[PDB]
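Just so you know, UniProt numbering puts 1180 at position 13 of the first sequence, and the rest follows in order with no gaps.
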Amino acid sequence: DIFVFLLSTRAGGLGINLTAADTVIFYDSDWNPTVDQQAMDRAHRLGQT
DNA sequence: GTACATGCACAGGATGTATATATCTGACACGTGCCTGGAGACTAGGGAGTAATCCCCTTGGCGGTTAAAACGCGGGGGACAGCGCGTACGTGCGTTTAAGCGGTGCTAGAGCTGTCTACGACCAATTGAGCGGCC
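As structure tokens, then:
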């Protein structure tokens, strides 16, 4: 059921492994990359199909 | 040397009490579990010490005037009788709370949920001191 999950890149995401997500949206971008790259891959990982 | 307050006894009713009885508070023996005595390891502030040096309390001389002690001037505080407004007994009547056994509420506990301030901590911007160039 739960359509959408709300996160922060520097706390909500950290290694949290949301394989049930199909898609990712950045409503914000950080002054450093890597945090966004991790934020994507906390969905984009080997547990998806 | 004095006689009013103390000191001993009578009169007598109540209060200190014994026998007789039923029972709930306290004693006892059990264990849970709360937590305190001991004791360990380390932190790093509190304390003690050496030390410098500054300034208050006591001290001694002195001058002032107030209380003490004495005295004069004179009345209100300690003591007897009447007036009359309260204070202490005793009863009827019953207002009042007792003491009871359930019905229900709200008060208490431990914990949760929600702060939510308020505190370090990390994270990313952006800024001043560091060293070098130029005419």
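We treat Cβ as the ideally placed atom computed from N, Cα and C, and that holds for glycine.
Inset, instruction - Would you check if the distance between the CB atom of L1174 and the CB atom of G1182 is smaller than 9 Å? - result: Walking along the first sequence from the start, residue 1174 turns up at place 7. Walking along the first sequence from the start, residue 1182 turns up at place 15. No, they are not a contact pair.
Legend entry - C-alpha gap between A1210 and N1184, whole angstroms: Residue numbering aside, residue 1210 sits at position 43 when the first sequence is read from its first letter. Residue numbering aside, residue 1184 sits at position 17 when the first sequence is read from its first letter. So the two alpha carbons sit approximately 6 Å from each other.
Legend entry - Pick from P1200, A1188 and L1213 that is closest to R1177, judged by C-alpha positions: Position 10 of the first sequence, counted from the start, is the residue given in the question as residue 1177. The shortest Cα separation from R1177 among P1200, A1188 and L1213 belongs to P1200.
Inset, instruction - Within the same chain, show all residues whose beta-carbon is closer than 6 Å to that of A1206, passing over the 5 residues directly before and after it, in chain order. - result: The residue given as residue 1206 occupies position 39 in the first sequence. These residues qualify, in order along the chain: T1176 and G1180.
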